Amino acid sequence: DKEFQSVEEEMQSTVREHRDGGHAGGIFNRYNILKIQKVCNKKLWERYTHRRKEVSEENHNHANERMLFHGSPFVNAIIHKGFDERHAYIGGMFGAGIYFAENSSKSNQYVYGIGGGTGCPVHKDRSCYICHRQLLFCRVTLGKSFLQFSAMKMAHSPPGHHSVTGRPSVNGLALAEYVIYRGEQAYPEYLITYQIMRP
Ligand SMILES: NC(=O)c1ccc(I)c([N+](=O)[O-])c1
Ligand SMILES: NC(=O)c1ccc(I)c([N+](=O)[O-])c1
Ligand SMILES: NC(=O)c1ccc(I)c([N+](=O)[O-])c1
Ligand SMILES: [Zn+2]
């Protein structure tokens, strides 16, 4: 209903023009939203809320929950098993965490692998306008989030913190990114099936 409409609006309005000129994610200004499904995995939801309650107790009764995008070739494993820090992006700017973006076009750069990988499996095109892509729109508990501008290779959250917020800087980050170090600190709420569209 209006629930899915607000997801599509969030998806469309957070697109940015990327500095790599579309190298990783493709050349587009909008998507063709094909499908939006709400993921209902009861064991995952309980694992997520149990940790959410715990983080709230450690952050002045505030979870600091945000709706953030995740792009990955492992969407199906995430949907069934949940996010898993044992599969963290080690090559990441903030070390061994699970990365999220508030810009859908940033998470779109990661759907086929790091830097878009080799693109779609059928045409090997990072800018494929034919193949259907999937992105997750997630509930992410940031708790007490550590604000950082430069690269900091963490294995875990910094002491007394529950996440890292990568803020844009000149050297530096173009857009924000959010890093959790425990899989249970995110729930894959919505599965968005989409195509990027030729401008
Ligand atoms: N997707 C959700 O926000 C959500 C809310 C409540 C539940 I009980 C579940 N669930 O996956 O079982 C999901
Ligand atoms: N790399 C993998 O085989 C893999 C398995 C499970 C997961 I939850 C992930 N993951 O990075 O989302 C990756
Ligand atoms: N490991 C991933 O799939 C991944 C890595 C970095 C990022 I910035 C994202 N992301 O969706 O924002 C995902
Ligand atoms: Zn393709």
# chains A, B, ... in the order shown; residues from 1 in each chain; ligands from 1

call {"tool": "closest_atom_pairs", "arguments": {"of": "chain A", "to": "ligand 2", "cutoff": "10 Å", "atoms": "only C-alpha atoms and all ligand atoms", "output": "CSV"}}
result
residue,atom,partner,partner_atom_place_in_ligand_line,distance
A:70,CA,ligand 2,12 (O),9.7
A:71,CA,ligand 2,12 (O),9.4
A:72,CA,ligand 2,12 (O),6.8
A:73,CA,ligand 2,12 (O),7.7
A:74,CA,ligand 2,12 (O),4.7
A:75,CA,ligand 2,12 (O),6.5
A:76,CA,ligand 2,8 (I),8.2
A:77,CA,ligand 2,8 (I),4.9
A:78,CA,ligand 2,8 (I),4.3
A:79,CA,ligand 2,8 (I),7.9
A:80,CA,ligand 2,8 (I),8.0
A:81,CA,ligand 2,8 (I),5.7
A:82,CA,ligand 2,8 (I),5.3
A:83,CA,ligand 2,8 (I),4.6
A:84,CA,ligand 2,8 (I),4.7
A:85,CA,ligand 2,11 (O),7.9
A:86,CA,ligand 2,11 (O),8.0
A:87,CA,ligand 2,11 (O),4.4
A:88,CA,ligand 2,11 (O),6.3
A:89,CA,ligand 2,11 (O),7.6
A:98,CA,ligand 2,11 (O),8.2
A:183,CA,ligand 2,8 (I),8.2

call {"tool": "residues_around", "arguments": {"residues": "residue 115 in chain A", "least_positions_apart": "3", "cutoff": "7 Å", "atoms": "only C-alpha atoms", "output": "list in words"}}
result
residues 24, 109 and 110 of chain A

call {"tool": "closest_residue", "arguments": {"among": "A:52, A:133, A:9, A:33", "to": "residue 121 in chain A", "atoms": "only C-alpha atoms"}}
result
A:133

call {"tool": "select_by_dssp", "arguments": {"residues": "chain A", "states": "helix (DSSP H, G or I)", "output": "MDAnalysis selection string"}}
result
chainID A and resid 2:13 42:57 75:81 85:87 104:108 114:116 183:185

call {"tool": "write_last_selection", "arguments": {"atoms": "N, CA and C atoms", "output": "compact mmCIF listing (two decimals), in the first residue's frame"}}
result
# COMPACT_ATOMS: atom_id res chain seq x y z
N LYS A 2 0.75 2.16 1.02
CA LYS A 2 1.58 3.36 1.15
C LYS A 2 2.91 2.97 1.80
N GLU A 3 2.96 1.77 2.41
CA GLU A 3 4.16 1.23 3.05
C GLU A 3 5.22 0.99 1.98
N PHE A 4 4.83 0.30 0.90
CA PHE A 4 5.71 -0.02 -0.20
C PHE A 4 6.06 1.23 -0.99
N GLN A 5 5.08 2.17 -1.12
CA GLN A 5 5.26 3.44 -1.81
C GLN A 5 6.36 4.26 -1.17
N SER A 6 6.42 4.31 0.17
CA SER A 6 7.44 5.03 0.92
C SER A 6 8.81 4.32 0.76
N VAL A 7 8.82 2.97 0.57
CA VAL A 7 10.08 2.23 0.33
C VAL A 7 10.60 2.65 -1.08
N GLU A 8 9.70 2.61 -2.09
CA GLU A 8 10.04 3.00 -3.46
C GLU A 8 10.53 4.47 -3.49
N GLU A 9 9.82 5.38 -2.79
CA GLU A 9 10.22 6.78 -2.67
C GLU A 9 11.64 6.89 -2.07
N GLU A 10 11.92 6.13 -0.97
CA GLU A 10 13.25 6.11 -0.34
C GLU A 10 14.32 5.62 -1.33
N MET A 11 14.00 4.56 -2.06
CA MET A 11 14.86 4.00 -3.08
C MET A 11 15.18 5.06 -4.17
N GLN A 12 14.14 5.70 -4.76
CA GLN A 12 14.32 6.70 -5.82
C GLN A 12 15.05 7.99 -5.42
N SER A 13 14.61 8.61 -4.32
CA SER A 13 15.09 9.91 -3.85
C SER A 13 16.51 9.92 -3.27
N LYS A 42 10.76 -15.16 11.37
CA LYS A 42 10.49 -15.04 12.80
C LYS A 42 11.70 -15.26 13.72
N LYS A 43 12.55 -16.24 13.43
CA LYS A 43 13.74 -16.48 14.25
C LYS A 43 14.74 -15.31 14.15
N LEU A 44 14.85 -14.72 12.94
CA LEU A 44 15.74 -13.61 12.63
C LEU A 44 15.25 -12.35 13.30
N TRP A 45 13.92 -12.10 13.22
CA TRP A 45 13.25 -10.96 13.83
C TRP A 45 13.46 -10.95 15.36
N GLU A 46 13.35 -12.13 16.01
CA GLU A 46 13.57 -12.29 17.46
C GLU A 46 15.04 -12.05 17.80
N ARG A 47 15.98 -12.62 17.01
CA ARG A 47 17.41 -12.43 17.19
C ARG A 47 17.75 -10.92 17.08
N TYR A 48 17.10 -10.20 16.13
CA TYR A 48 17.23 -8.76 15.91
C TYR A 48 16.65 -7.92 17.08
N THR A 49 15.41 -8.18 17.49
CA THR A 49 14.79 -7.42 18.61
C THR A 49 15.46 -7.67 19.97
N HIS A 50 15.90 -8.92 20.23
CA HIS A 50 16.61 -9.24 21.48
C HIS A 50 17.87 -8.38 21.61
N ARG A 51 18.64 -8.24 20.50
CA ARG A 51 19.85 -7.44 20.50
C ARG A 51 19.51 -5.96 20.54
N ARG A 52 18.42 -5.56 19.87
CA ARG A 52 17.95 -4.18 19.83
C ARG A 52 17.63 -3.69 21.23
N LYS A 53 16.94 -4.53 22.03
CA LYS A 53 16.58 -4.22 23.42
C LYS A 53 17.84 -4.04 24.28
N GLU A 54 18.83 -4.91 24.08
CA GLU A 54 20.12 -4.92 24.78
C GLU A 54 20.94 -3.65 24.47
N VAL A 55 20.94 -3.23 23.17
CA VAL A 55 21.69 -2.05 22.74
C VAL A 55 21.03 -0.82 23.36
N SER A 56 19.67 -0.78 23.39
CA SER A 56 18.87 0.31 23.98
C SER A 56 19.24 0.51 25.44
N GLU A 57 19.44 -0.60 26.21
CA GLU A 57 19.82 -0.55 27.63
C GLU A 57 21.23 0.02 27.84
N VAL A 75 22.12 -11.97 -1.05
CA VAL A 75 20.77 -11.62 -0.60
C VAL A 75 19.95 -12.82 -0.10
N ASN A 76 19.96 -13.90 -0.85
CA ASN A 76 19.25 -15.12 -0.49
C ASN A 76 19.77 -15.77 0.81
N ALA A 77 21.11 -15.81 1.03
CA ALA A 77 21.65 -16.32 2.30
C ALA A 77 21.21 -15.39 3.43
N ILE A 78 21.23 -14.05 3.20
CA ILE A 78 20.87 -13.05 4.21
C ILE A 78 19.41 -13.18 4.64
N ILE A 79 18.53 -13.38 3.67
CA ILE A 79 17.09 -13.56 3.86
C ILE A 79 16.78 -14.78 4.70
N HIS A 80 17.54 -15.87 4.50
CA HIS A 80 17.29 -17.13 5.22
C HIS A 80 18.06 -17.27 6.53
N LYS A 81 19.33 -16.86 6.53
CA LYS A 81 20.20 -17.00 7.69
C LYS A 81 20.49 -15.72 8.50
N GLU A 85 28.54 -11.49 10.59
CA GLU A 85 29.86 -10.87 10.73
C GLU A 85 31.01 -11.82 10.36
N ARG A 86 30.77 -13.15 10.38
CA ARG A 86 31.81 -14.11 10.00
C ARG A 86 32.07 -13.99 8.48
N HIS A 87 31.13 -13.34 7.74
CA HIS A 87 31.19 -12.98 6.31
C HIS A 87 31.33 -11.42 6.11
N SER A 104 20.56 4.54 -1.80
CA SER A 104 20.31 3.29 -2.53
C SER A 104 21.31 3.07 -3.69
N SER A 105 21.71 4.15 -4.39
CA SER A 105 22.67 4.02 -5.49
C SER A 105 24.07 3.59 -5.04
N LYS A 106 24.44 3.84 -3.77
CA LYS A 106 25.72 3.35 -3.19
C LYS A 106 25.67 1.83 -2.97
N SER A 107 24.60 1.35 -2.32
CA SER A 107 24.37 -0.09 -2.09
C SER A 107 24.24 -0.83 -3.45
N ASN A 108 23.71 -0.13 -4.48
CA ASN A 108 23.59 -0.67 -5.84
C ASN A 108 25.01 -1.01 -6.42
N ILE A 114 32.17 -6.49 -4.87
CA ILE A 114 32.87 -5.24 -4.55
C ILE A 114 33.23 -4.49 -5.83
N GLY A 115 32.83 -3.21 -5.91
CA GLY A 115 33.04 -2.38 -7.09
C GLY A 115 32.21 -2.85 -8.29
N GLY A 116 31.09 -3.52 -7.99
CA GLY A 116 30.18 -4.09 -8.97
C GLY A 116 30.63 -5.42 -9.53
N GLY A 183 26.17 -9.56 13.35
CA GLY A 183 25.11 -9.85 12.39
C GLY A 183 23.70 -9.55 12.86
N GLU A 184 23.43 -9.84 14.14
CA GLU A 184 22.11 -9.67 14.76
C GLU A 184 21.67 -8.21 14.93
N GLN A 185 22.55 -7.26 14.60
CA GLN A 185 22.24 -5.81 14.68
C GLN A 185 21.54 -5.21 13.44

call {"tool": "residues_near_ligand", "arguments": {"ligand": "ligand 1", "cutoff": "6 Å", "atoms": "only C-alpha atoms and all ligand atoms", "output": "PyMOL selection string"}}
result
chain A and resi 38-42+45+189

call {"tool": "write_last_selection", "arguments": {"atoms": "N, CA, C and O atoms", "output": "short mmCIF file (atom, residue, chain, number, x, y, z; two decimals), in the first residue's frame"}}
result
data_model
loop_
_atom_site.label_atom_id
_atom_site.label_comp_id
_atom_site.auth_asym_id
_atom_site.auth_seq_id
_atom_site.Cartn_x
_atom_site.Cartn_y
_atom_site.Cartn_z
N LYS A 38 8.10 -7.87 1.84
CA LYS A 38 8.45 -7.72 3.24
C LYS A 38 8.89 -9.11 3.68
O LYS A 38 8.20 -10.09 3.39
N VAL A 39 10.11 -9.20 4.26
CA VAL A 39 10.72 -10.47 4.64
C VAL A 39 10.22 -10.83 6.01
O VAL A 39 10.33 -10.02 6.94
N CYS A 40 9.64 -12.02 6.13
CA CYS A 40 9.11 -12.48 7.40
C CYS A 40 9.83 -13.77 7.82
O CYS A 40 9.56 -14.87 7.32
N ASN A 41 10.82 -13.58 8.68
CA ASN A 41 11.65 -14.65 9.21
C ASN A 41 11.63 -14.43 10.69
O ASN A 41 12.34 -13.56 11.20
N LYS A 42 10.76 -15.16 11.37
CA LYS A 42 10.49 -15.04 12.80
C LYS A 42 11.70 -15.26 13.72
O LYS A 42 11.89 -14.50 14.66
N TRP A 45 13.92 -12.10 13.22
CA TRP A 45 13.25 -10.96 13.83
C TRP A 45 13.46 -10.95 15.36
O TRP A 45 13.79 -9.90 15.92
N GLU A 189 14.54 -6.22 6.35
CA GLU A 189 13.11 -5.95 6.30
C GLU A 189 12.40 -6.05 4.97
O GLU A 189 11.35 -6.70 4.89
#

call {"tool": "residues_near_ligand", "arguments": {"ligand": "ligand 4", "cutoff": "10 Å", "atoms": "only C-alpha atoms and all ligand atoms", "output": "PyMOL selection string"}}
result
chain A and resi 119-133+195

call {"tool": "select_by_dssp", "arguments": {"residues": "chain A", "states": "strand (DSSP E or B)", "output": "PyMOL selection string"}}
result
chain A and resi 30-38+65-70+89+97-101+133-141+145-148+163-166+177-180+186-197

call {"tool": "write_last_selection", "arguments": {"atoms": "N, CA and C atoms", "output": "short mmCIF file (atom, residue, chain, number, x, y, z; two decimals), in the first residue's frame"}}
result
data_model
loop_
_atom_site.label_atom_id
_atom_site.label_comp_id
_atom_site.auth_asym_id
_atom_site.auth_seq_id
_atom_site.Cartn_x
_atom_site.Cartn_y
_atom_site.Cartn_z
N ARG A 30 17.41 6.70 -12.12
CA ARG A 30 16.25 6.09 -11.52
C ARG A 30 16.20 4.61 -11.76
N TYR A 31 15.34 3.93 -11.02
CA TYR A 31 15.15 2.51 -11.18
C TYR A 31 13.74 2.23 -11.65
N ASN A 32 13.55 1.03 -12.15
CA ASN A 32 12.25 0.53 -12.43
C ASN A 32 12.04 -0.48 -11.29
N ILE A 33 11.27 -0.07 -10.26
CA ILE A 33 10.97 -0.92 -9.11
C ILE A 33 10.01 -2.00 -9.59
N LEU A 34 10.47 -3.27 -9.60
CA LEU A 34 9.65 -4.37 -10.07
C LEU A 34 8.80 -4.96 -8.98
N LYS A 35 9.39 -5.15 -7.80
CA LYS A 35 8.74 -5.82 -6.70
C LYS A 35 9.32 -5.38 -5.36
N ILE A 36 8.46 -5.31 -4.33
CA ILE A 36 8.86 -5.03 -2.95
C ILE A 36 8.17 -6.09 -2.08
N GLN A 37 8.97 -6.89 -1.39
CA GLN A 37 8.47 -7.93 -0.53
C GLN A 37 8.98 -7.68 0.86
N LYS A 38 8.10 -7.87 1.84
CA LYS A 38 8.45 -7.72 3.24
C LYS A 38 8.89 -9.11 3.68
N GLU A 65 17.93 3.14 15.79
CA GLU A 65 17.51 2.33 14.67
C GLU A 65 17.31 3.22 13.46
N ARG A 66 17.87 2.79 12.34
CA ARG A 66 17.79 3.45 11.05
C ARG A 66 17.42 2.48 9.97
N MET A 67 16.71 2.98 8.95
CA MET A 67 16.35 2.18 7.78
C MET A 67 17.45 2.45 6.75
N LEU A 68 18.25 1.42 6.45
CA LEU A 68 19.41 1.54 5.56
C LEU A 68 19.44 0.42 4.50
N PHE A 69 20.05 0.71 3.34
CA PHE A 69 20.17 -0.20 2.20
C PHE A 69 21.38 -1.10 2.31
N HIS A 70 21.23 -2.34 1.80
CA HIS A 70 22.37 -3.29 1.69
C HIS A 70 22.37 -3.97 0.33
N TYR A 89 32.88 -7.59 5.33
CA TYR A 89 33.68 -7.04 4.24
C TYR A 89 35.03 -6.56 4.87
N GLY A 97 33.37 -5.32 9.18
CA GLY A 97 31.98 -5.10 9.54
C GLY A 97 31.04 -5.41 8.40
N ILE A 98 29.76 -5.15 8.64
CA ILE A 98 28.66 -5.33 7.68
C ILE A 98 28.23 -3.91 7.38
N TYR A 99 28.36 -3.52 6.09
CA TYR A 99 28.17 -2.18 5.56
C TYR A 99 26.81 -1.87 5.01
N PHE A 100 26.31 -0.68 5.34
CA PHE A 100 25.01 -0.17 4.94
C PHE A 100 25.12 1.27 4.42
N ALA A 101 24.17 1.71 3.60
CA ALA A 101 24.19 3.06 3.05
C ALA A 101 22.82 3.67 3.15
N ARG A 133 17.91 -6.80 -10.57
CA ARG A 133 18.76 -6.72 -9.39
C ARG A 133 17.88 -6.78 -8.14
N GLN A 134 18.50 -7.11 -7.00
CA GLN A 134 17.85 -7.13 -5.69
C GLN A 134 18.73 -6.40 -4.70
N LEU A 135 18.10 -5.61 -3.84
CA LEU A 135 18.71 -4.80 -2.79
C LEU A 135 17.87 -5.04 -1.55
N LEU A 136 18.48 -4.91 -0.37
CA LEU A 136 17.73 -5.00 0.89
C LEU A 136 17.59 -3.62 1.53
N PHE A 137 16.41 -3.33 2.08
CA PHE A 137 16.12 -2.12 2.84
C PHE A 137 15.92 -2.66 4.26
N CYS A 138 16.92 -2.40 5.12
CA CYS A 138 17.07 -2.98 6.45
C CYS A 138 16.87 -2.11 7.67
N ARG A 139 16.47 -2.78 8.74
CA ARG A 139 16.39 -2.18 10.06
C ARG A 139 17.79 -2.38 10.63
N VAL A 140 18.49 -1.29 10.94
CA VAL A 140 19.87 -1.36 11.48
C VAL A 140 19.91 -0.62 12.81
N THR A 141 20.31 -1.33 13.86
CA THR A 141 20.48 -0.80 15.21
C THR A 141 21.88 -0.29 15.27
N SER A 145 26.84 5.02 18.07
CA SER A 145 27.65 4.94 16.84
C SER A 145 28.85 5.84 16.85
N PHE A 146 30.03 5.27 16.55
CA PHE A 146 31.32 5.96 16.52
C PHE A 146 31.51 6.71 15.21
N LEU A 147 31.56 8.04 15.30
CA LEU A 147 31.71 8.94 14.16
C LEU A 147 33.16 8.99 13.74
N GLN A 148 33.45 8.60 12.50
CA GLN A 148 34.81 8.52 11.98
C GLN A 148 34.83 9.01 10.52
N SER A 163 28.47 0.48 16.84
CA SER A 163 28.62 0.65 15.40
C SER A 163 29.54 1.81 15.07
N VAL A 164 29.83 1.96 13.78
CA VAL A 164 30.65 3.02 13.22
C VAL A 164 29.82 3.71 12.12
N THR A 165 29.84 5.06 12.11
CA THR A 165 29.22 5.90 11.08
C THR A 165 30.36 6.58 10.34
N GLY A 166 30.54 6.19 9.08
CA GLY A 166 31.53 6.79 8.19
C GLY A 166 30.94 8.06 7.61
N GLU A 177 28.26 5.91 5.28
CA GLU A 177 28.17 4.46 5.40
C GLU A 177 28.17 4.04 6.87
N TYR A 178 27.43 2.97 7.15
CA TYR A 178 27.17 2.51 8.51
C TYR A 178 27.64 1.08 8.64
N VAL A 179 28.45 0.83 9.68
CA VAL A 179 29.11 -0.46 9.89
C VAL A 179 28.74 -1.06 11.23
N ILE A 180 28.19 -2.27 11.20
CA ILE A 180 27.89 -3.05 12.41
C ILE A 180 28.90 -4.21 12.44
N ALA A 186 21.14 -6.10 12.51
CA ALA A 186 20.35 -5.74 11.33
C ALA A 186 19.34 -6.81 10.99
N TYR A 187 18.17 -6.38 10.50
CA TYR A 187 17.15 -7.29 10.02
C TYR A 187 16.86 -6.93 8.54
N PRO A 188 16.91 -7.90 7.60
CA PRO A 188 16.61 -7.56 6.17
C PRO A 188 15.11 -7.37 5.91
N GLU A 189 14.54 -6.22 6.35
CA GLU A 189 13.11 -5.95 6.30
C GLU A 189 12.40 -6.05 4.97
N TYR A 190 12.96 -5.43 3.93
CA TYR A 190 12.36 -5.45 2.59
C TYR A 190 13.35 -5.91 1.53
N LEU A 191 12.86 -6.78 0.62
CA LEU A 191 13.55 -7.27 -0.55
C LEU A 191 13.03 -6.48 -1.76
N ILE A 192 13.88 -5.62 -2.35
CA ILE A 192 13.47 -4.79 -3.50
C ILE A 192 14.02 -5.41 -4.78
N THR A 193 13.12 -5.85 -5.68
CA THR A 193 13.53 -6.39 -7.00
C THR A 193 13.40 -5.21 -7.95
N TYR A 194 14.47 -4.94 -8.70
CA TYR A 194 14.52 -3.77 -9.54
C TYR A 194 15.51 -3.87 -10.69
N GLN A 195 15.40 -2.94 -11.62
CA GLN A 195 16.36 -2.73 -12.69
C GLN A 195 16.78 -1.27 -12.59
N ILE A 196 18.03 -0.97 -12.96
CA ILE A 196 18.49 0.41 -13.10
C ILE A 196 17.96 0.83 -14.49
N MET A 197 17.70 2.12 -14.72
CA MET A 197 17.13 2.50 -16.03
C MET A 197 18.03 3.41 -16.76
#

call {"tool": "closest_residue", "arguments": {"among": "A:162, A:60, A:167, A:23", "to": "ligand 3", "atoms": "only C-alpha atoms and all ligand atoms"}}
result
A:167

call {"tool": "closest_residue", "arguments": {"among": "A:199, A:26, A:168, A:91", "to": "ligand 3", "atoms": "only C-alpha atoms and all ligand atoms"}}
result
A:91

call {"tool": "closest_residue", "arguments": {"among": "A:156, A:96, A:59, A:118", "to": "residue 143 in chain A", "atoms": "only C-alpha atoms"}}
result
A:59

call {"tool": "atom_distance", "arguments": {"atom1": "CA of residue 161 in chain A", "atom2": "CA of residue 14 in chain A"}}
result
27.0 Å

call {"tool": "closest_residue", "arguments": {"among": "A:144, A:174, A:58, A:152", "to": "ligand 3", "atoms": "only C-alpha atoms and all ligand atoms"}}
result
A:174

call {"tool": "closest_residue", "arguments": {"among": "A:61, A:19, A:1, A:95", "to": "ligand 3", "atoms": "only C-alpha atoms and all ligand atoms"}}
result
A:95

call {"tool": "atom_distance", "arguments": {"atom1": "CA of residue 176 in chain A", "atom2": "CA of residue 102 in chain A"}}
result
7.0 Å

call {"tool": "atom_distance", "arguments": {"atom1": "CA of residue 17 in chain A", "atom2": "CA of residue 92 in chain A"}}
result
21.2 Å

call {"tool": "decode", "arguments": {"residues": "range 148-167 of chain A", "atoms": "N, CA and C atoms", "output": "short mmCIF file (atom, residue, chain, number, x, y, z; two decimals), in the first residue's frame"}}
result
data_model
loop_
_atom_site.label_atom_id
_atom_site.label_comp_id
_atom_site.auth_asym_id
_atom_site.auth_seq_id
_atom_site.Cartn_x
_atom_site.Cartn_y
_atom_site.Cartn_z
N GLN A 148 33.45 8.60 12.50
CA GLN A 148 34.81 8.52 11.98
C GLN A 148 34.83 9.01 10.52
N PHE A 149 35.91 9.71 10.12
CA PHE A 149 36.07 10.27 8.77
C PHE A 149 37.13 9.52 7.98
N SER A 150 38.24 9.12 8.63
CA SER A 150 39.31 8.40 7.92
C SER A 150 39.30 6.89 8.18
N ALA A 151 40.01 6.12 7.33
CA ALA A 151 40.07 4.66 7.43
C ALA A 151 40.58 4.22 8.81
N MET A 152 39.88 3.24 9.40
CA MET A 152 40.13 2.72 10.71
C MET A 152 39.75 1.24 10.67
N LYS A 153 40.72 0.36 10.44
CA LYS A 153 40.51 -1.08 10.33
C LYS A 153 40.15 -1.74 11.68
N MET A 154 38.87 -1.73 12.02
CA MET A 154 38.34 -2.33 13.25
C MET A 154 38.02 -3.79 12.99
N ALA A 155 38.07 -4.62 14.05
CA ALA A 155 37.58 -6.01 14.00
C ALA A 155 36.21 -5.96 14.66
N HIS A 156 36.04 -5.05 15.66
CA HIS A 156 34.80 -4.93 16.43
C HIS A 156 34.48 -3.48 16.59
N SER A 157 33.32 -3.17 17.18
CA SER A 157 32.94 -1.78 17.47
C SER A 157 33.98 -1.21 18.41
N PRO A 158 34.23 0.13 18.35
CA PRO A 158 35.19 0.72 19.30
C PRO A 158 34.62 0.61 20.72
N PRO A 159 35.47 0.56 21.79
CA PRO A 159 34.93 0.42 23.16
C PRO A 159 33.73 1.34 23.47
N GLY A 160 32.71 0.78 24.11
CA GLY A 160 31.50 1.48 24.52
C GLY A 160 30.54 1.86 23.40
N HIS A 161 30.86 1.46 22.15
CA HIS A 161 30.06 1.75 20.97
C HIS A 161 29.44 0.48 20.37
N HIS A 162 28.40 0.64 19.52
CA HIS A 162 27.65 -0.48 18.91
C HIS A 162 27.71 -0.48 17.41
N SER A 163 28.47 0.48 16.84
CA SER A 163 28.62 0.65 15.40
C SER A 163 29.54 1.81 15.07
N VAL A 164 29.83 1.96 13.78
CA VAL A 164 30.65 3.02 13.22
C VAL A 164 29.82 3.71 12.12
N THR A 165 29.84 5.06 12.11
CA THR A 165 29.22 5.90 11.08
C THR A 165 30.36 6.58 10.34
N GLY A 166 30.54 6.19 9.08
CA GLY A 166 31.53 6.79 8.19
C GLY A 166 30.94 8.06 7.61
N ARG A 167 31.48 9.22 7.99
CA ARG A 167 31.00 10.53 7.53
C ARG A 167 31.83 11.06 6.33
#
